[PDB]
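Student: let me see the structure of the following:
(2 chains)
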Amino acid sequence: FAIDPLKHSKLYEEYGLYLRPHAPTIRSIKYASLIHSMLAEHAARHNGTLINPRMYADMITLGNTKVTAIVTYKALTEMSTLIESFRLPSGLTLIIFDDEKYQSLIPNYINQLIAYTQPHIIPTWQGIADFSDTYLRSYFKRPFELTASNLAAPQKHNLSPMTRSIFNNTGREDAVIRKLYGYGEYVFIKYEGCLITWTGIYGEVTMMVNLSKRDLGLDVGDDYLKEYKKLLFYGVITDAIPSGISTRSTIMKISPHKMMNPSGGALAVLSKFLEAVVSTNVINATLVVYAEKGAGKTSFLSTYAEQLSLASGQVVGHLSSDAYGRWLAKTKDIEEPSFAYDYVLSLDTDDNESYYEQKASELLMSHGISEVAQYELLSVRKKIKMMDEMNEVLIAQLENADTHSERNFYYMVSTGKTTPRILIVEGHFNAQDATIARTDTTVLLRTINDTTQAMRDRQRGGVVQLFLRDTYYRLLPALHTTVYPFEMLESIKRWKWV
Amino acid sequence: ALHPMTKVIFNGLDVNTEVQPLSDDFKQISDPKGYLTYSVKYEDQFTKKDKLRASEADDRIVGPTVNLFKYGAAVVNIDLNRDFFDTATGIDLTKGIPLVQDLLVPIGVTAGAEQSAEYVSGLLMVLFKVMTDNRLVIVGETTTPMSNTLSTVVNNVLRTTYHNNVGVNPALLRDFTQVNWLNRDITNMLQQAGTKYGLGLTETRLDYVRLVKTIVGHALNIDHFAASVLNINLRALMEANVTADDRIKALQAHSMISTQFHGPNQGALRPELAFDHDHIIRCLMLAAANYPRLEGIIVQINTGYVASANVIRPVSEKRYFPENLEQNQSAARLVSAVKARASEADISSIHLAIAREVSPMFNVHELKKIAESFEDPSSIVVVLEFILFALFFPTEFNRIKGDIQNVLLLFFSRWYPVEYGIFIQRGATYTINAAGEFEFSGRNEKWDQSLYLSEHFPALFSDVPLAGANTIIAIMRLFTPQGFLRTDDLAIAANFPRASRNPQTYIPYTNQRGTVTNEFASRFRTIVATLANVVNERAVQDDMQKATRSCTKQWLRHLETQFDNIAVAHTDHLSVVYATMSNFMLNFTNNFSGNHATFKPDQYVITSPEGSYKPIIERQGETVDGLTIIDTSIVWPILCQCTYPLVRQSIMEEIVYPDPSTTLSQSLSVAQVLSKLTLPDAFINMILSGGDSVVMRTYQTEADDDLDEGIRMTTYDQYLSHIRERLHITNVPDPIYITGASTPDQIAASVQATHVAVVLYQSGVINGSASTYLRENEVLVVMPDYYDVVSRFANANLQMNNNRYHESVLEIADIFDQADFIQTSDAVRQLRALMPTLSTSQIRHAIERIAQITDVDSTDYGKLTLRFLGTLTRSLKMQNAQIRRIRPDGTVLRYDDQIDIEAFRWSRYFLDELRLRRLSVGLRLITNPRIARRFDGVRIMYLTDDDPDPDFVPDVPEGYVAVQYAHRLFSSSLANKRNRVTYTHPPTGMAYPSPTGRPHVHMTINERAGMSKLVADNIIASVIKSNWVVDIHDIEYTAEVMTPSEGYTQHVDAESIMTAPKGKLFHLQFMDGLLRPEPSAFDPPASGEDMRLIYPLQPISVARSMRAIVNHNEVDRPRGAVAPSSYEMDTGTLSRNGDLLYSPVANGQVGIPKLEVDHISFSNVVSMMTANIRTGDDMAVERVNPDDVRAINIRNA
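Tutor: Residues are numbered from 1 along each chain as shown, chains lettered A, B, ... in the order given. Okay, here it is:
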């Protein structure tokens, strides 16, 4: 393996993969972990990088290159007496298995062998690591599912504690199943999240949350609005958008799943803002969050201000993402408008109409339409010309820095002393980046919401909400870091505070 | 287990690898669950709510039987098993019948009319769960009692041991029940000769060598439908006669050639099924049809073998030119042509080009568009590129040999201008005549890879000497391969799937040990010595330099030196890799057969009589991101800038022999997934195999005929679309043409040769002798059209008329009765009359509902494999899908007995050898009258409910009149100052306005469609007031038999029984009024009576086994109480075949098999393996690598 499973056994225990008790593969897994103590030393000797990894990788992987002036070829000579020591007929082989938690924990000296190996890759289904493959199935503990059908004996299904482990899928308590059903000495895998298979408008949709089955309710076949607030905070809908879940959708089945790991490429981009909020150097740091119109983030990043301000000991305030549109409708006409922070937040959500929803509303009429089912009858290029017409009322507020333009609004709200130290703006469409000011941290929010389903939901949605989600998706590609709303709640916690 | 390092003495077996099983095929349950269990409805008054306690040693055997037939049982039904057909498989068993929600639903109905089709979809999943029941019983927690602790009525029963889960069987009620008539009726039955109940160890098969117990048969308490399934799974695991040591044969194929595997010699104690040849090769042809990305897997398995063997390593030193010709001015035109073609030696694509040579080709390969001029005499570098691509990769040379003609006809038309005109008048393409001639086309066409699947060949590769073109043909003799044709001896002995009769792959070049001159390198000497004279003539015809001709020929023999240095490593270490890659599992097609002039790959298709045919090999341009484009500039890094593990001899190398288990486990995890991936396709298309229909007519030929008798006639267009495509499949001749003068013996000669009674009409007037033969044998006559069809026959009786016929449909399962093609059993014939009118979009919904139910076991490569292909299946029609070769013209050939493999003759619904054997046992469970409790037909009558039993069918009295129901009878009429609904009695013609004075009518409703609600009120008002009897033939309903202490729970209104859609499934509750409390003699009477409006037609409680297990205090046995049937208590024996027999009734009588009759036997001998078998373990071998790679023999042997 890349990480040896006898010195580092708990990581495989986190995946549901327990080490088989102590034979030609029990002897081989001790042989591979002996190489890692040799290999690790060698890439100490010269920091870090073990030297000539090509003749290294043609020894572990291939039963090849016995070698015997010297000190150059010293670590090769010490090793050719180590791998010809145990008699193998071929190489040892690698086993990265495609997981951002597992791939991050690979040490430096193993990764330098990956260029010259052709390693064996084990494809994760959603995580767990799924148990084929004479490596993964002869080394340790091919498991046994324990759903509501296979009850209730280990003698019945012919299991043995030295070969098969047991995956609790009852819904019963954990402690009783190895008490009265005879599953003592049978070790049990521990999963601390769960996977939900919802019904959908389009089909079966499998999402996961990193909460256990006890931490939230909803079993089995409760609707989508019951404990909706916990699902938004912790869910990924592992499906190609449009997934198509709705507020009338229910649960098909629940199984405990591995707690998924957040995104080392998307943890660090969000970690810049969680450094610039801390340091007294950076005046007025800013977090910019892009999403679709129906991602449901105004209900989400209202409490992430509540999670950051209680951890930082400061005052934060989110600008609620439409506060250009609510405000410009109120004072199109007014020569000197009030740019104050308290005036902006006492204006929106919801009763003041947006300015673009006036403009979009007038426009839909001209190509006369008022029904959502009438919008399906329209099709793409005849639609897309409407989107192009919709743009030219966009650019009139983005181009120059007039006194009613977008550039002046996100400036003077951000500067003027009444505002909070670290506002969070949210933008709908990309190429608002020349307007929001000023930051090094723009993320992209993808929540558990088929957003166009939520715009036929909205419940005074109409076509005006749904035309603009479609217009903004034409302006918002995924050219920034997707941020996955449980990961911002995860990074507050990781950060080390004062 | 042992210690480092220096080869200590080990007196065991030096185990270094461990081998997985070849097929995860069986479950290994210990306590078996049956298909049918008893279900008892207790009467709450007479019963006693305690637990009955006998002797404690008797309490483990008799215990759960006397606590289920406890004193006071009203009815005892035999229903489907709840904890086998559980809610994980969608089957609901609350109302008695199996019900699946959304499997076969009708369309165009009212929103509640899909409930009646939930019974038919229930009987599919009950058939489906038995069909995929792969359980294999292991001996559980069997206890052994002392004989002096059991009473003597149990000691004559018990065979030496018993499982702790003893089950429930009424034969154990002998001398344990309180009921006296039951104890007499069971003892009188068990003392017959034809039955003998037992329990426990019957047979014990000791092993032949080890002398331990292996296979025992315990007389369980389980129905014979589940026990026959558990005995088929054991009679094919033990009588396959192949151990777990035949996994070694699958390892000798996937490892290097002439390797060895020692031990462990486990013997017959560790059996395993043979790796199924006929089912894996039959399912790879669907997986090559529906999922054309499957080449992307099989190449990637073969690519991962080559890169793990460490066979070619690219180096960073370039020796394209000899020393100080690079810089030499005259060669400046030559060094630009070589450096433009040659390309850097990426390690990823040299390993790809090797693996493409023995891979199956599904997407038709095509050449990278080489844009060259053939202008200067320095342009021979492109021709030398093609010679090296023809010697190194002659298989992949063949697949793109046509596009090389599109390049080389620019070569010959610019250097040999007169010779090209002689050659191109013969033709640029040619076909093959049927007798073996070559038919040259005579046209000048650019080749395309579209023509690769057709009957055209490239004409440069004809190898035919043209009189006058002896120069072009002599250059084309340099593109011949230098290999041999090795049979796949390691794959056939390992019983791998192959698509041929003789599995023969083309290894590109011979192993060449012990030679001084290499006979593959010296072939390239004679090519350059031929190419030196070709470039000599082109240089001196066009008068170029002396130095440019010398620096060309000094380069041609620098490729001589570099070819000698690496052919020692090709013909010793590449050739043993192409031998061992040919014996892999998924490399099943042949690739090449020696001659470029004749080869085409055998085009199998998936034909269908009700759809299009989907070819396997098909140019569709579906790239796998670089797979269909073939790079001919790969032979320049192979020849020059790569170092080999034998060209380096002088450094120590230790030639890498890779492990068998990586390319084996990837090949199983593909061949295990697609073995069951087409399995929900394989079930609905098996029930519907004969569901296709033709439109025929029937002309009555005499007086007093019915709609069905006569001459059966259909049109020629109806024949040509349905029946003609199903006669080329079944391999019969064409049906004959009857011409009017035809004798009836000629028609009998065609029916007994073409096994369907179909004759074709041609012309003439068919005489009366054959016309009586066409009547008494139901022979289908195929007419061209229906224009004066009397005049085509000799109507001598003068009763056959043009306007006298009954046009009706005729199913294909009625005229074809073939075993493995159309399922024509008595069970499946009943389902296609219970199904609604299906369509090609409701079978699609039926398949995707079964696949949602089935949660099959994948692995960590399975789902990844499963995902890869990975989403499109619903394009191909799978009606009667067979596997047939086609002509390159494009017509589907018949099954030829001597070319195709045996497993392509009858595609057995794309199923398993075992899965048909469980299916015929499953069809006996579906046609069983004990579970057919979907009751149709209901009767409204107004009799009193005084002695209730569910069997009660009220007889129509003598004075009623049978009246068919129509909408013409009831109409509004002004009767007495009020519009009343008036019935018009059809015989007497009168009118009856009020429902009191209506005559005695037995009305039979067949339709109830468009029936008014006031009319439906008036008929139920006519039952109450005027005592009609109304039969409704549309209502489907279930029925629970209520005990008289429980009482009726729900009721059915008369509004629902009359105003409902056609497909609504009701639930009537009937009361078994046998255990009602008799009132005291001094009690003053009650006021009212118990009426009863709804009655059944056919007898309720066909599932009833026992009824009213009590004793009566005045009479000996109660009125109507039944005894358990004497076949429910007979174990019998187990036959030698594996069939379950009853007990014989006399001496010298073979007992009746339990599947031949329809009675249920709840005790059976089930062969189960003991703890000394352990099927499906990880056995352990010693792999020994060969010594040298030059000592490994390949051919001939």
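
Student: can you give me the strands for the stretch 1-150 of chain B?
Tutor: For the stretch 1-150 of chain B, the strands defined by DSSP state E, counting those that start in this stretch cover B:17-19, B:36-42, B:73-80, B:142-143.

Student: neighbours of residue A:141, how many?
Tutor: By the measure other Cβ atoms under 10 Å in any protein chain shown, the count of residues near residue A:141 is 22. C-beta coordinates here come from the backbone N, C-alpha and C atoms, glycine included.

Student: in this structure it contacts residue A:165, no?
Tutor: Yes - between residue A:141 and residue A:165 there is a contact under Cβ atoms under 8 Å: 4.8 Å.

Student: ok, and the closest non-adjacent residue to the residue of the stretch 801-950 of chain B found nearest chain A?
Tutor: Nearest residue of the stretch 801-950 of chain B to chain A, counting by Cβ to the nearest Cβ: residue B:859, 2.6 Å away. Distances taken as Cβ to Cβ, 6 or more residues apart in numbering or on different chains put residue A:132 closest to residue B:859, at 2.6 Å, once the chain neighbours are dropped.

Student: also residue B:686?
Tutor: Nearest non-adjacent residue to residue B:686, counting by Cβ to Cβ, 6+ apart: residue B:909, 4.3 Å away.

Student: in three-state terms, label the one you found for me.
Tutor: Secondary structure assignment for residue B:909 (DSSP: H, G, I helix; E, B strand; the rest coil): coil.

Student: for residue A:91, see how far away it is.
Tutor: Residue B:909 sits at a distance of 44 Å from residue A:91 (criterion: Cβ to Cβ, to the nearest Å).

Student: equivalent analysis for residue B:463, please.
Tutor: Separation of residue B:463 from residue A:91 (Cβ to Cβ): 45 Å.

Student: which one's more surrounded, these two?
Tutor: More crowded of residue B:463 and residue A:91, by other Cβ under 10 Å: residue A:91, with 21 against 14.

Student: just so I have it, where are all the strands in the stretch 351-498 of chain A?
Tutor: All strands of the stretch 351-498 of chain A, identified by DSSP E, counting those that start in this stretch, fall at A:424-427, A:442-444, A:481-482.

Student: next one: the stretch 51-200 of chain A
Tutor: Using DSSP E, counting those that start in this stretch, the strands of the stretch 51-200 of chain A run over residues A:144-146, A:166-168, A:193-198.

Student: indicate the residue of the stretch 101-250 of chain A located nearest to chain B.
Tutor: For the stretch 101-250 of chain A, Cβ to the nearest Cβ, closest residue to chain B: residue A:132, 2.6 Å.

Student: mind listing residues that contact the lengthiest helix in chain B?
Tutor: In chain B, ranked by residue count with DSSP state H as the criterion, the top helix is helix B:521-541. Residues from elsewhere that reach helix B:521-541 (Cβ atoms under 8 Å, 6 or more residues apart in numbering or on different chains): B:377, B:380, B:383-384, B:387, B:391, B:415, B:474-475, B:478, B:482, B:548-549, B:552-553, B:556-557, B:559-560, B:563-564, B:567.
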